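Understanding the architecture of this molecule
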Number of protein chains: 4
Amino acid sequence: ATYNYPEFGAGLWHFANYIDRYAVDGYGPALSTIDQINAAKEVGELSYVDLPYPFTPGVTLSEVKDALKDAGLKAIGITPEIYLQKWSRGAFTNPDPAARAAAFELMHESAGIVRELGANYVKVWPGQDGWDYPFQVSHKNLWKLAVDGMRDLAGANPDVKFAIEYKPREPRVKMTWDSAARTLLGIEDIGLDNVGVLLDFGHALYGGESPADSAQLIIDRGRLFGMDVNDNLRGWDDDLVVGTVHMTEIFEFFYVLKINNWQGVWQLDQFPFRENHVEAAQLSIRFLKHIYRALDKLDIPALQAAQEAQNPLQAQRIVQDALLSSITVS
Amino acid sequence: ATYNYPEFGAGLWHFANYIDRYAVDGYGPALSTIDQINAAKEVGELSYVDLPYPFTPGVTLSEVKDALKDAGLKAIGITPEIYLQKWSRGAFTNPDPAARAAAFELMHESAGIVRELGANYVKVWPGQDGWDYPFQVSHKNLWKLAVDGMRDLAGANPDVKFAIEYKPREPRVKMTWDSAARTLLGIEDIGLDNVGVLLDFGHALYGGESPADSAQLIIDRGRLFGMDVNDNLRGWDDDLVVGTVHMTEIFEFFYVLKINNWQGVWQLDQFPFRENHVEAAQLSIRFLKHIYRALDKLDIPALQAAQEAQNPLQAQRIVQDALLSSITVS
Amino acid sequence: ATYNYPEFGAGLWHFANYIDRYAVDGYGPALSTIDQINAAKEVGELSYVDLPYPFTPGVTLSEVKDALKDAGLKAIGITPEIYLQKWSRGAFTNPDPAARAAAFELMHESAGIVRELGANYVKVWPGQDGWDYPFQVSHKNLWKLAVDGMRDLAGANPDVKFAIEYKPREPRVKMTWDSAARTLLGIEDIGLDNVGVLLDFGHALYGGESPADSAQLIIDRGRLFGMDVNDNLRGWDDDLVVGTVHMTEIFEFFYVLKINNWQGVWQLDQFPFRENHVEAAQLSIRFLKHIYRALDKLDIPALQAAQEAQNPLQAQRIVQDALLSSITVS
Amino acid sequence: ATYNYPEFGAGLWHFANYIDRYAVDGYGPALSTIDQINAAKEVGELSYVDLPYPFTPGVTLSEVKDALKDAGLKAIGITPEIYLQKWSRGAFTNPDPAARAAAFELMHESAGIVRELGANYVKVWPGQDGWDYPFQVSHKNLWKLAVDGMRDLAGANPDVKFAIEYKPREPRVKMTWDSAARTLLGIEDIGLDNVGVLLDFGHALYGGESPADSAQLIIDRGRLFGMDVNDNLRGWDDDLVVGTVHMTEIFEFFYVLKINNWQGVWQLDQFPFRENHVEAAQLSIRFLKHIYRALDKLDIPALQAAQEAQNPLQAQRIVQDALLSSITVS
Ligand SMILES: [Cl-]
Ligand SMILES: [Cl-]
Ligand SMILES: [Cl-]
Ligand SMILES: [Cl-]
Ligand SMILES: [Fe+3]
Ligand SMILES: [Fe+3]
Ligand SMILES: [Fe+3]
Ligand SMILES: [Fe+3]
Ligand SMILES: [Fe+3]
Ligand SMILES: [Fe+3]
Ligand SMILES: [Fe+3]
Ligand SMILES: [Fe+3]
Ligand SMILES: [Mg+2]
Ligand SMILES: [Mg+2]
Ligand SMILES: [Mg+2]
Ligand SMILES: [Mg+2]
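The deposited coordinates, according to the entry record, derive from X-ray crystallography at 1.540 Å resolution.

Of the transformation superimposing chain B on chain A, the axial component is 0.0 Å and the angular component is 180 degrees, with the fit at an RMSD of 0.1 Å. Expressed as an axis order, the relation between the two copies is that of a two-fold axis. Distance from the rotation axis, computed per C-alpha, reaches its smallest value in chain B at B:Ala181: 2.6 Å. Take the interface residues of chain B: 98% of them recur as interface residues in chain A, which is what a same-surface contact looks like.

As a further point, take the coordination of the iron ion (ligand 8). Ideal values differ by geometry: the angle at a metal is 109.5 degrees with four tetrahedral donors, but 90 or 180 degrees with six octahedral donors. Residue and element names in this part refer to chain B. Taken together, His203 (NE2) and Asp237 (OD) make up the full set of protein donors to the iron ion (ligand 8), lying 2.1 to 2.2 Å away. The metal-metal distance between the iron ion (ligand 8) and the iron ion (ligand 7) is 4.1 Å. One end of the pair, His203, is in helix α6 (residues 201–206); the other, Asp237, is in the loop between β9 (224–228) and α8 (247–259), and 34 residues separate them in sequence. Residue class for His203 comes out buried when judged on its relative accessible area of 2%.

Attention now moves to the UniProt feature "binding site: Mg(2+) 2" in chain A. Under the UniProt annotation, "binding site: Mg(2+) 2" lies at A:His203, A:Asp237 and A:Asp239. A stretch of 37 residues holds the annotated residues, and the largest C-alpha distance among them is 9.2 Å, short enough that they meet in one place. The contact partners of A:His203, leaving out residues within four places of it in the chain, are A:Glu165, A:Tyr166, A:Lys167, A:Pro168 and A:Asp237. A polar atom in the side chain of A:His203 sits 2.9 Å from the backbone oxygen of A:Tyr166. Among the residues examined, A:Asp237 registers a relative accessible area of 3% and is labelled buried. Dropping the residues within four chain positions of it, A:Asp237 is found in contact with A:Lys167, A:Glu170, A:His203, A:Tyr206, D:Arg21 and D:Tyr22.

Turning chain C through 180 degrees and shifting it by 0.0 Å along the axis lays it on chain D, with an RMSD of 0.1 Å. Comparing interface residues between copies, 98% of those in chain C also sit at the interface in chain D, which points to an isologous, same-surface contact.

With 48 residues of chain B in contact, the opposing surface of chain A contributes 47 residues. Interface of chain B and chain A: buried area, both sides summed, is about 4100 Å²; carbon and sulfur atoms make up 55% of it. Sorting the residues of chain B by area buried against chain A places B:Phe135, B:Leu185 and B:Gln310 first, and these three jointly supply 22% of that buried surface. Where chain B packs against chain A, one counts seven salt bridges. Residues B:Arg221 and A:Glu188 are paired through a salt bridge, measuring 3.0 Å at the closest nitrogen-oxygen approach. Looking at the side of chain B that touches chain A residue by residue, the classes come out as 21 nonpolar, 14 polar and 13 charged.

This part is about the packing of helix α5 (residues 180–190) of chain C against helix α5 (residues 180–190) of chain D. At a closest axis distance of 8 Å, the pairing of α5(C) and α5(D) adopts a crossing angle of 45 degrees. The orientation of α5(C) with respect to α5(D), classified from their angle, is oblique. As α5(C) runs across α5(D), the sense of the crossing is left-handed. Every residue of α5(D) that contacts α5(C) at C:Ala181, C:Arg182, C:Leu184, C:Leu185 and C:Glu188 is listed here: D:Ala181, D:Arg182, D:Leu184, D:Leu185 and D:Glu188. Here the contact of α5(C) with α5(D) is composed, by residue class, of six nonpolar, no polar and four charged.

Let us look at the UniProt feature "binding site: Mg(2+) 1" in chain A. All names here are of chain A. As annotated in UniProt, the feature "binding site: Mg(2+) 1" corresponds to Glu165, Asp200, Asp228 and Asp269 in the numbering used here. Spatially, the listed residues are clustered: although they cover 105 residues, their C-alpha atoms lie within 11.5 Å of one another. With respect to the helices, strands and loops of the structure, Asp228 is situated in strand β9 (residues 224–228).

With that settled, consider the nonpolar core. The tendency in soluble globular proteins is for nonpolar side chains to be buried side by side. Residues A:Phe254, B:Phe254, C:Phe254 and D:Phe254 are the most contacted members of the largest nonpolar core, which totals 419 residues. For this core, the element with the highest residue contribution is helix α3 (residues 97–117) of chain C, accounting for nine residues. Residues within four places of D:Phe254 in sequence aside, it is in contact with D:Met227, D:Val229, D:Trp266, D:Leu288, D:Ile291 and D:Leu295.

On to the interface of chain C and chain D, then. Contacts between chain C and chain D engage 48 residues on the former and 47 residues on the latter. For the pair chain C and chain D, the summed buried area comes to about 4100 Å², and 55% of that belongs to carbon and sulfur atoms. Of all residues in chain C, C:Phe135, C:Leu185 and C:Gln310 bury the most surface against chain D, accounting for 22% of the area lost on that side. Between the two partners, chain C and chain D, sit seven salt bridges. A salt bridge links C:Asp213 to D:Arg182; its shortest N-O distance comes to 2.8 Å. Taken together, the connections running from chain C to chain D amount to 27 residue pairs in polar contact. Elements supplying a minimum of two residues to the side of chain C that touches chain D: β5 (130–131), α4 (139–155), α5, α7 (211–219), α8 (247–259), α10 (300–309) and α11 (312–323) of chain C. Top element by residues in the side of chain C that touches chain D is α5(C). It accounts for six residues. Its residues placed into classes, the side of chain C that touches chain D shows 21 nonpolar, 14 polar and 13 charged.

In this section: the pairing of strand β6 (residues 161–165) of chain B. Residue and element names in this part refer to chain B. A large share of β6 lies buried, amounting to four of its five residues. As judged from the four bridges shared by strand β4 (residues 121–124) and β6, these two strands associate in the parallel manner. Bridge pairing in β6 places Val122 opposite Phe162. Across four bridges, β6 lies against strand β8 (residues 195–200) in parallel orientation. Within β8, the residue paired with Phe162 across the bridge is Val195.

For helix α9 (residues 277–297) of chain C, built from 21 residues, the straight-helix expectation of 30 Å at 1.5 Å per residue is met to within 8% by its first-to-last C-alpha distance of 31 Å. Sitting at the amino-terminal end of α9(C) is C:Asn276, which places a side-chain oxygen 3.1 Å from the backbone nitrogen of C:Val278.

Here we take up the packing of aromatic side chains. As enumerated under the stated definition, the model contains 82 aromatic pairs over all chains in all. Look at A:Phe135 and B:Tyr255: their rings are 5.6 Å apart centre to centre, the planes differ by 45 degrees, and that puts the pair in the tilted class. Of this pair, A:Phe135 sits in the loop between β5 (130–131) and α4 (139–155) while B:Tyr255 sits in helix α8, placing the two residues on different chains. By relative accessible area, which is 3% here, B:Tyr255 ends up buried. Their ring planes at 50 degrees and their centres at 6.4 Å tell us that B:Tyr206 and B:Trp236 sit as a pair that is tilted. Of this pair, B:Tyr206 sits in helix α6 while B:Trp236 sits in the loop between β9 and α8, and the two are 30 residues apart along the sequence. Ring-pair connections join several aromatic residues into one group, and the members of that group are A:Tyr3, A:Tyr5, A:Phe8, A:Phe201, A:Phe253, A:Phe254, A:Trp266 and A:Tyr292. A cation sits over an aromatic face here: A:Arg21 above D:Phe271, 4.4 Å from the ring centre. In this arrangement the basic side chain of D:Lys289 is found over the ring face of D:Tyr5, its NZ or CZ atom lying 5.5 Å from the centre.

Definitions and limits used
- Residues numbered from 1 in each chain as written, not as in the entry; some residues may be left out.
- Chains lettered and ligands numbered in written order.
- Heavy atoms only, no water.
- Residues with missing side-chain atoms left out of burial classes, pairs and counts.
- Least-squares fit on C-alpha atoms.
- Contact = heavy atoms within 4.5 Å.
- Donors = N, O, S within 2.8 Å, 3.2 Å for Na, K, Ca; no water.
- Helix = DSSP H or I, 4+ residues; strand = E, 2+ residues; numbered from the N terminus.
- Buried < 20%, exposed > 50% of the residue type's maximum accessible area, 1.4 Å probe, protein only.
- UniProt positions renumbered as here; feature names shortened; annotations may be inferred.
- Polar contact = N/O pair within 3.5 Å; in protein donor to acceptor, adjacent residues only side chain to side chain.
- Buried area = accessible area lost by both parts, 1.4 Å probe.
- Salt bridge = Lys/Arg side-chain N within 4 Å of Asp/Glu carboxyl O.
- Nonpolar A, V, L, I, M, F, W, Y, C, P; charged D, E, K, R; others polar.
- Axes fitted to C-alpha atoms, helices over the stretch in contact; angles between N-to-C directions.
- Parallel < 35°, antiparallel > 145°, perpendicular 65-115°, else oblique.
- Left-handed = near helix turned anticlockwise from the far one by under 90°.
- Core = buried A, V, L, I, M, F, W, Y, C linked by side-chain atoms within 4.5 Å.
- Pairing = 2+ DSSP bridges.
- Expected span 1.5 Å × (residues − 1).
- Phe/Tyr/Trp six-rings, centres within 6.5 Å; stacked < 30°, edge-to-face > 60°.
- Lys NZ or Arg CZ within 6 Å of the ring centre and 35° of its normal.

Encoded structure:
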C-alpha cells in the first residue's frame, strides 16, 4: 500500500518554549523566530508553519524568508500578536480607543506580511477580548466592538483572508468569538467574503461542540479557511498531542473534512510544555498518517447507511474496524 | 415603596410529579393536567402557565379552559410532547419518516390549541432530536432535518409563533438546537418571521453561555419570544429554584431584559422533585420580586459607566449594593 | 493466536427498558426480571449479571434461580433498590428515621439473596442520598448518617461483602459517596473488612478522576470488590457502550487491573436507551476482547520505563502500537 | 451595630503582576517582594500575608522583616516556589532524583523562614506534580513519591506545620493532591501530626466539591490549617474577587467554619490580572465584612431545623433573609 499523505503544518509556537503564571521563569530558554523555524525543520515532515507577528526582537522579514526557504517551509498563516501586554485588556474590544487603533495597525501590517510571504490568511485570535466577571461589560457594546473592528480590518484588506480562531476562553474567563455558531453569526453580520474561520479541534471539543458537526456547519457556509488539531480532556485548551485521548472524535473530524471535499493543510496547534517539542510533532504526524490510512479503509457507504438509520452500534463497529487497524503496519 | 410587579408564570409541569430512570415508580402520584392547574392556583401569584399537549388521559380542552379560568391562569404557551416514547428516537429528526410526519401532525394540532387558548406561542422543545454517540449521525443531514422540519411546521401556521427552546442536551447526549447562537443560525436558515427563541436561563448557564449575553444576542435579532428561569450548578439542567445558587448572574439576565425594554412574563421552569411544589414556586416568586426591587435600586448609569471602562470592580460594587439590599424589606 | 478471555458480566438492567422525566411512557415496554435474564442469555458471552432486588412484581427467587440456570448466568451482585419512591429523599440519609430503618431491612434482606444465589457482594448504590441545594443539609450530620448506616448494615452481615458504588451525582445534585477517595475515607471510618468499592469507570471519568489511578488507589487498600465499565463524554453518567469515545483511558484502566493481578469479572453497566440492548452488549464484548488482546501485545516493560521517565510521548507511542492493533484480526 | 471583624490576609502575589503563555511580556511591571508588601499596606485592612520564598532577586530576610513591620503585617504562611522552571516536571514527583532533593532543600529552608517570621505554616502547593497524559505515569509510583516526599519534609521539621493546598489541576492536566478527600487519605498515609490542609474555596468549587462539606470533612480530621477565598465560574481556578459569582456557597463555607468554632485568618488568594490589585483586595474585604454581618443575622437554629428536615426551601429562605441584608448598611 502507498499513500499520498496530506501536507502537514504547525503553528511556529509548537517550537517555542512557554511561560505561565507559575513557572514565570519559563519552560526552557527563549527561542527566536529563526530558532523555531530551524526546529520545525527537524520534524522532517512539515511543509507549512503559522508565524506570529511581530517576529522575535531583531528578526527581520528577510531572515524569516531565508530560514523558511532553508527549512523547506512556507507560511500558511500569520498570527498578529494582539494578546500581548499592550492589549491585555483587549485588542478589538479594548476600552481605550487608542489601543483598538494600535491593534488595527498591527493586524493591517500583518496582512502585508501575508502578501509578502504568500500565506493563506491572517489568523485572528483575539485572546484578550471578552470579559472576566458578570456585569463587567455591556454585552451589546462589547460584541459590537468585536464585529465592527473585524469588519474594519477585513474591509481594509479585501484581497486577504482573515481566519477567526474561535475559542471558549483563556486568557479571559470568556472570549468574544467563543464558538463555531457565534462566529458564523458574527461573520454574517460583518458581511464580507474574506472573513472565515480557523477551526481548532481542541477548542471545539472543550467548548462542548461536536468538532465534526462544527466543521460541517462552517463548511456549509463556505467559511472553513483552516484547521488546527491537538487533544485535551474536554475541560480546557490542554493542547496535547493529537490522538492521545480522543481518537474516535478526531477520526470523525477528518471524516467530515473528507466527505465534504475539504482540502487543506493538516495543521498542529500544540504546546508540548515539558516534552521534546520536535518529538511531540513527530508523534503527532505519525498519528495523523494513521488517520489518513484509516480513512482509506473506512467503509463509508456502510457507515452512511448506519447513519441514515441512526444506529450507533453499526456506525461504531464500522468506525472501529477502520480506526483499530494496525498503526505499525503503514 | 410600592411596585408594579411583572406577571409571573410557570411551566405547568412545575406542579407535576416526576419520574426518572431510577425512581421508576415516580416521585409522587401521577397528577392530571387538571390537578396540576389546581396546584398552580395554590401558589397565589401566578398568572400564566405553559401547558403540555396532549393533556393527560381523559382530560378535554373544555375542562382545561374551565380549570384555567377558575385558577386565575392563562396559557402563555403550549408544549407539544414530541419527546414521548413514540419519538424517543427523534421528532423532527426521527430516522423513520412516518414518525417525523406524526410529530408534525401533533405540533400542527398544538398550534390549533394555541389559537383556541389565546397563547403566545407553540413552545418547541425537541428533546429527543440529536445524537448519543460520535459517528451516529450525518451531521449535515441531521441538521437539515431539524431546520427543514421546523420550516415546514412554522410555514403551515404563519399566524402562530413558534418558540424554540434550545438546550445543550438531555435526554440525548447532544440536542440539535443546542445553543443561542446555533438557534439564531437555524432561524436565519428557516427564513420565517414566526420562529423565535424560548431562552431558558438555566440552559444557557450550563451550556457555558452568559445568559445575559444570550438574551442580548437574541433580542438584537427580534427573536426573544419568551424566557424560562431556574438555577443549577452549571453542569446540568438541575432545574432548581431560581436564586439559590447564582443570584448575580440571574440579576444580570433580568438587567439585560430591562435595558432592552423587553416586556414579557417572568416564567419559572423548575422541577421540585422532592419538595412541596407549590412552596417551591412561592419561594421563587419571592426571589423574583426581590430582583425586581433590586433592579429599581440599581444605579444603572453608574454601572454602564463602569462597563464602558470595563472595570469589573466598580461594576460589581454597584451590583452588590442593589442585589444585597434587604429581601425582608419588601 | 488463542486467548483465555475474561469472564464477562452485565448489570441486569442492561436488558431493561428505561424511563426518564421526559419519556414518561418509557423507551419500550416494561420487561420483567425474567425477561431481562432471557435477553441477557441472547448476548451469547455473558457469564454473570448483577440483579436488582426486589425482583419485578410477581417474580420469585425460585423463578430467578431457574432463569439464571437456563441462561448460563450466575449472580455476581445483588443491588437493593434503595432509590425508588419510598426512598426518593434518601435511604441511609432519609430525614425520616422510619425510612432509614426500612432501607436497612431491604438491604439486610438483599444480603440474604446474595447468600442464596452465591453472589460476590451486595452492590450498594444509594442514589437518592445526598443534596440538591446549598444549605439543604448539615454536611456533618449527612455524612455521619451515611457512614453509620453503612456500618450498621455491614456489621449485621459480616460474612457478606458490600461494594459501595460511588458516583458524583444523579439523581441528586450531589451524592454522599461521590468519589474514590471519599469512599476510601468512609471505609476507613466504618472500620469493617467486608466493605469495599464497586468502581464504575464511567463514574470515575465524569467525576474528573483518572479511572486508572482510582483503581490503583482502591487496590492499594484491598477494597476493589468489583468494576463496571461503559463510556461517556466526561460531563455526565451517559452509560454509553464501552470504547466508543475514550479507548485510551479504558485501556489504561484495564492495564492497571492487569499489573496489579486483579482478577474479576469484566462487568458492563450500560443503558442502551434507544438501541437493541442485546447488540449493544455484543459490541461491548467485542471491544473488551480487543482490549484483552491489546494488553497481551502491549510492551509493558517499555511502557513502565517511559513512565519512570514520565515521558508521555514514549508512553503514548507504545500504547498506540498495542491499542491500534487490528480489531478484525481476532 | 458594632462588629469585631475577623483578621484578614492575602497571598502576597495578590499584589504581584502576572504573566501567562500569551501575554508573555506580563500584565504590568515586575514588582519586588518589598513592592508587594508596600502594596498590601495600601489595602488598609490586612493583617497577614503569605510570602513566596525565595523572595525576589536581591531581597533579604531583614528587608522583608522591616517592610512587614512598616506595613503592620505578619507572615501567616511561607510558600516555597517549587513550581518554577527547575521543577517544571515536578518537585516531590520529579523523575530526576536530584530535582526531588533540591525541592526538599528549598522546602526545608522555607520551614526555617517560617520559624524566623513566626508564621503558622509552610504552605505546600506542588503545582508541577502530576501528569499531562493518560499513561504518562505509574499511578502507584507517582503517588508514592508524593506521599513519601511529603513525609520526609514534615518528618524533618516536626515543630513546623505544613499545609497542603490541594488543587484539581493547573499547570498540570491533573495535580497529585487534587481534592480534599485524597489529601486526607495522603495525610493518613504520611502519619504525621504536623501535616494538614490549606482549603482554597475556589479549588474546592471548580473541583466539583461542596466547599462547605470539604471544610467539615477536613475539620473533622483536625487538619484545617488555613483557608484561601476567591471566586470562579466552576470550570477553572479563575481566582476572581470573592463574592462576585457564588455568594450563597461562599456564605455556606463561612457558616461551616463558624459552627465548628474554627478561627483563622480570612485569607484572599486572588489574581486581579487586569484590575487595580489594591482595589480588588478592598472590594473583597468589603464583601467579607458583609458575610460576617450576615452570619450574625442568620437564624442558625431555624436553619438547622430545616436541615434536619432536609427542606431546602426553608433553608434557602432563612439563608436569603440573612445574606440579602443590606451591604450598604454596615
Ligand atoms: Cl469551506
Ligand atoms: Cl425580541
Ligand atoms: Cl483489591
Ligand atoms: Cl481543624
Ligand atoms: Fe489553535
Ligand atoms: Fe489550543
Ligand atoms: Fe425551560
Ligand atoms: Fe430544561
Ligand atoms: Fe455502575
Ligand atoms: Fe451509573
Ligand atoms: Fe490558594
Ligand atoms: Fe486559585
Ligand atoms: Mg475507497
Ligand atoms: Mg422539505
Ligand atoms: Mg448508630
Ligand atoms: Mg446570634
